[PDB]
Amino acid sequence: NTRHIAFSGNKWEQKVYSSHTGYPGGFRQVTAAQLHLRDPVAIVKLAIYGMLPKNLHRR
Amino acid sequence: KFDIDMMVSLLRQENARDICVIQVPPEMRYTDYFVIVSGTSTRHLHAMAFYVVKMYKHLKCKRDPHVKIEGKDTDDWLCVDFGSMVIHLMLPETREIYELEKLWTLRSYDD
Amino acid sequence: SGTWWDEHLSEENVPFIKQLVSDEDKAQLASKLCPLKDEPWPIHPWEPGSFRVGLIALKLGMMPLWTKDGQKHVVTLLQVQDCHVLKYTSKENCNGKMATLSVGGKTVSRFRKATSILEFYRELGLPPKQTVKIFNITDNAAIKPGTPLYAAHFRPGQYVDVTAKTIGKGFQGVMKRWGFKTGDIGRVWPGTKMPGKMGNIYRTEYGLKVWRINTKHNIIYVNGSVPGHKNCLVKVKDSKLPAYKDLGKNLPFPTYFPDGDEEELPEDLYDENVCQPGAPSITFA
Amino acid sequence: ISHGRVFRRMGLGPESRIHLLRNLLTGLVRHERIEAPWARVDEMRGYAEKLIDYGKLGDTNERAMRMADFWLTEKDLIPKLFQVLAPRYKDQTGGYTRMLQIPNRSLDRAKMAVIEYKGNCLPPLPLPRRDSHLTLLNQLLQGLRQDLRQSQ
Amino acid sequence: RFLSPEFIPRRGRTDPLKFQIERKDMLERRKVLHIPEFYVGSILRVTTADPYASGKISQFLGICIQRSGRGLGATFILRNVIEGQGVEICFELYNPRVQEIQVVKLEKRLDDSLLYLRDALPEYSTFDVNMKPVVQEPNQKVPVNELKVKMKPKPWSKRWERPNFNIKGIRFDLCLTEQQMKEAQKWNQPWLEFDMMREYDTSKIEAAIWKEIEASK
Amino acid sequence: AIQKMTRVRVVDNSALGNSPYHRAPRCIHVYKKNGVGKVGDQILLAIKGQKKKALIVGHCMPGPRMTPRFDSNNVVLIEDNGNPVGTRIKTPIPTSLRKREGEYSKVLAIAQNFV
RNA sequence: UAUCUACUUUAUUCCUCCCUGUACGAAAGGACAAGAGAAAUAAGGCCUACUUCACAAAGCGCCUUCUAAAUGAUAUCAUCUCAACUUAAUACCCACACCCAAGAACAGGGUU
Ligand SMILES: [Mg+2]
Ligand SMILES: [Mg+2]
Ligand SMILES: [Mg+2]
């Protein structure tokens, strides 16, 4: 049920997920709502992936 | 239809000041009918230009191409070309200096 | 050691195997000429929003083609040589958005293919095609695998998209490849334009008018230029351009079937604006 | 980009490639068998068969005698081309030469080739034979040919 | 027999079926319009419809100075000077807005391409517009007109003196020095006439094409 | 192609053209985005220290097929308002002036001949 | 004389014309949009013609280019609401030897 997450406050509209395709001009900032409409896994997935220890056991 | 008879109707109905046409023979592959017509002033020639494109556009011939008035910015000269015929609205002084009536009757027999 | 097919054959047995295998290729191409006297799949009418099959054609070359307004149109010929439907996969087994038809063209030697491919074509009952391209397609257009596709799958007036490998120019430098010739950035960005191998890549020309199809020799006469050299295989589908997304009313929807025998086609279909050869010399009166 | 470029570029120019090939062709009209490096040999093979097709146009033909006069640097070979080689091949229409590979040259390890003219007095080359018709696979296929003939 | 150059393909690795198709359309045009025998010296007059006049036709007369192009898209460019001005037109032989191609004066010049006439005297390029078609007899070879023309001064269109052009219709003696002649014999390439792999033999091509001609009849 | 700096053979009955002058008339500007003029474009032109608009009537590089190709860069003068300076044009003019968008009807009343 | 890092195939615009000299204004004035055109550039191809040339490669040549409303509370009216409610990416790609439109080598395609 990770489509049915619940952000507290205005985090649906304020929190931004920024990535970069390595090409020039390829900087892509996308809010939490838009990214939740793309893939309803990626918010919980990015949250966990940030919580884990930044090493090689992470993946 | 929009024939040269209808053009005589448009210009005598406007009361064009001076009329002289030449039937261009089919070899000299420009047009069939070569109309030379003068008027009062730039307002007159301009307004009768918009009148004759108004009547041709409104009249008939949808498949036939829309026709652009040439030389809207110049004062003395004005010219509009159709399928069969081409009208030249100008001034009789401009007619005196460009002497078109001599040319389309004397193709190699003039200056 | 590795072998090839010809290696251990005597002088007596080489043309025997050529005539044998060639004759079975002709018989297998000849047996598939009646798809409707066979047991086809249920033929549906055209629904608004459905896609149908494309083709694979040789690029024969170019020639001019004058329209009734007296303007040249350079036209590539595209011969359809032994095009057939090879496998249908539904959307459930594909895990794509849409069903797919695999279609292949130009019969090629059986002595020069991997054995998985020869088992594939053996079970299918066909001589192996050179290329297999895959078409995204709705459920309504799905011909049974093993059926011939013809030139009259397209009709004049239809717009079409063609994909082929571009003529490879090998390793070229910046002036030919890209057509030209920071400090604080201590590195070269990805996708920087540098020398490298030009051409030999798939490119698609979009929205090409079909001017004339020749039903006898199975030629398509398409406007302008198609990617690829002569005698190259192209993938000819109906155009995706959104100005041309609804004109599948008059096109034969699964595919054209000469086996249907209903109101058979002439030598060559022309578009309305094409000056045919044999017509009187055109006058603009 | 060399699509459809049919000629090897050789020697030290176009003129020099035509003089290299002319020396090889002269060598092969004289001796009727040549070892030379491979690319030079198949370039010259193209020229050699054409040269016989000019030899069959008759001694009395003026154009043929111009071509033979250019292409044969030793002039005694021009009677040979119009009375030995061209009468030899008056039956068959093509395939006057055969080319094989030698093992590579000991000196600089170049791909080597022989061309000879077919039907010459020299000892024959060890030609690559097809396998015997009496082998296992050839007898199975002979039997299969006998069955497909029994269909009629 | 005269087979017009547009039917003979240039060599290349294209498919013969494509020329089967082209020749089919070319003969289907030759039913409607009569394409006559003409060489690269002959004086032609061509009647064409005009895309700009309403179904009026026109006539251009001149010298065919080039017969380039093979297949259905084949051209010939003819030249004339009128009003002290040189004009050339590339005519497509199978463009369906041509109505007749009359051969005024069938004659062959010394060369295969008379592009040097751009640098000759304008008298060698002028012709009468209303000139009458000279009558040729039915059963005879063509009159090979030789006319070594006279050239205007040195800055030509191309260096016609160079032997890669093989120009024959020049009086070079009037308009070139012996030193510049011997300089022009530097670019000779004497071997080039003698290699047998550059020679494209159109003989069996001619055979299959004449059975294409006869079979279309 | 008539670019900048090209020598120009003026065909008119104009005073500027048929007057003798030590400099050949040559183009200065071409009124397209690229600086290349074809049959039926306007250019600036230097005649007798006088820049002057002009209209290209035939050039020497080949165009499409059935159109003519001249052996000079024939050019007809024109004034700023758009009516031509000339009165007669002797050298032939292509009919390809008829289709193009711009002032061409004024010039086609002047031609002795048409090619 | 390149050792290391990095890298080496991620459609716009002008003019014309029409709609229209209508909408809008009240006269002067004067639209949009969408459409047809012609150009130009960029991007991607291609050689039928033309041109440099000639089993081909090219361009000067041709082809293609897809926040605003209503309603409405705090503050019974109103109020666009950091009040709530309602309403306004497809395509592409996917299985020895000899010749090659494939190619620096390797690889690739073809060899019926
Ligand atoms: Mg850095
Ligand atoms: Mg070397
Ligand atoms: Mg030049």
Side-chain angles (χ1 to χ4, degrees), chain A residues 10 21-23 26, chain B residues 50 65-66 68, chain C residues 1-7 17-19 21-22 25 61-65 72-76 97 102 107-114 116-117 120 127 130 132-134 136 161 163 165-171 177-178 186-208 223-232 235 237 240-243, chain D residues 1-6 101, chain E residues 10-14 22 68-75 77 90 92 200, chain F residues 1 32-34 36 61-65 99-102:
Chain A
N10 295 115
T21 67
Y23 300 123
Chain B
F50 278 78
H66 290 99
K68 180 168 67 180
Chain C
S1 291
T3 63
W4 61 100
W5 74 276
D6 201 2
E7 185 172 6
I17 296 297
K18 287 185 178 171
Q19 292 171 3
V21 176
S22 63
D25 287 340
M62 299 179 99
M63 54 195 306
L65 169 141
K72 272 175 85 296
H73 290 85
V74 193
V75 161
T76 55
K97 193 175 183 180
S102 296
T107 58
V108 155
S109 301
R110 299 162 78 191
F111 298 124
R112 257 80 189 190
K113 289 298 181 179
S116 57
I117 293 171
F120 172 74
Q130 176 172 354
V132 173
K133 294 301 183 61
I134 294 173
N136 296 323
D161 296 348
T163 197
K165 306 221 69 186
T166 57
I167 296 160
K169 314 298 191 295
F171 194 96
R177 179 168 158 82
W178 306 111
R187 71 190 182 92
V188 170
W189 285 91
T192 306
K193 287 180 174 187
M194 280 177 158
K197 296 201 187 272
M198 184 172 177
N200 205 14
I201 58 186
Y202 282 107
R203 271 286 189 320
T204 308
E205 278 281 300
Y206 285 108
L208 277 71
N223 192 12
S225 301
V226 153
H229 56 84
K230 289 181 292 300
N231 303 324
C232 187
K235 177 253 201 62
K237 69 177 296 172
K240 74 164 188 185
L241 262 285
Chain D
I1 309 177
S2 74
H3 307 313
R5 297 274 91 97
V6 62
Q101 281 202 16
Chain E
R10 292 174 187 279
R11 58 185 170 177
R13 49 190 308 199
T14 170
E22 280 184 349
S68 287
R70 311 296 176 84
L72 187 55
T75 67
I77 169 167
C90 292
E92 299 182 336
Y200 178 51
Chain F
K32 290 174 74 65
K33 296 183 188 298
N34 57 352
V36 171
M61 76 165 297
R65 292 298 87 63
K99 76 167 178 68
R100 293 191 73 186
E101 288 76 11

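Just so it is clear: chains get the letters A, B, ... in the order the sequence lines come, proteins before strands, and each one is counted from 1. Reckoned from all heavy atoms, side chains included, excluding hydrogens, waters and symmetry mates.
Taking the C1' atom of each, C62(G) and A49(G) are spaced 9 Å apart, rounded to whole Å. A gap of 16 Å separates the P atoms of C93(G) and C46(G), to the nearest Å. On the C1' atoms, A38(G) is 8 Å away from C15(G), given to the nearest whole Å.
As a whole-Å value, the separation of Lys72(C) NZ from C50(G) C1' is 10 Å. Remark: P of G109(G) and NZ of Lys165(C) are 10 Å apart, rounded to the nearest angstrom. Regarding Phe171(C), its CZ atom lies at a distance of 20 Å from the P atom of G108(G), rounded to whole Å. For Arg177(C) and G45(G), the CZ to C1' distance is 15 Å, given to the nearest whole Å.
Between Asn223(C) and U64(G) there is a side-chain N or O to OP1 or OP2 distance below 4.0 Å. Between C92(G) and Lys237(C), a contact under 4.0 Å exists linking OP1 or OP2 to a side-chain N or O. Of the side-chain N and O atoms in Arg112(C), none sit less than 4.0 angstrom from OP1 or OP2 of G110(G). For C55(G), one of the phosphate oxygens OP1 or OP2 lies less than 4.0 angstrom from a side-chain nitrogen or oxygen of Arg5(D).
In this structure, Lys165(C) is positioned above the aromatic face of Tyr202(C), its NZ or CZ under 6.0 Å from the six-membered ring centre and within 45° of the axis.
In this pair, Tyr200(E) does not lay its aromatic ring on the base of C55(G); centres under 5.5 Å and planes under 30 degrees do not both hold. The ring of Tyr202(C) does not lie on top of the base of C92(G); it is either too far (5.5 Å or more) or too tilted (30° or more). Stacking between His3(D) and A101(G) is absent: the ring centroid is not both under 5.5 Å from the six-membered base ring centre and under 30° in plane angle.
At a cut-off of 3.5 angstrom, counting only N and O atoms as typed in the model, there is a donor on one side and an acceptor on the other between the side-chain of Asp25(C) and the base of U112(G). Below the 3.5 angstrom threshold, one finds a donor paired with an acceptor across the side chain of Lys240(C) and the base of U90(G). The base of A101(G) is paired with the side chain of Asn231(C) by a donor and an acceptor separated by under 3.5 Å. Evaluation of atom-type donor-acceptor distances gives no pair under 3.5 Å for the side chain of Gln130(C) against the base of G110(G).
Anti is the classification of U71(G), since its glycosidic angle lies more than 90° from 0. With its glycosidic angle within 90° of 0, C55(G) adopts the syn conformation.
Among the atoms of the strands shown, base atoms are found under 4.0 Å from some heavy atom of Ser109(C). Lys32(F) comes within 4.0 angstrom of sugar-phosphate atoms only, judged by non-hydrogen atoms across all strands, and of no base.
Across all strands shown, the partner of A36(G) is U16(G), judged by Watson-Crick or G-U wobble contacts whose two distances both fall under 3.5 Å.
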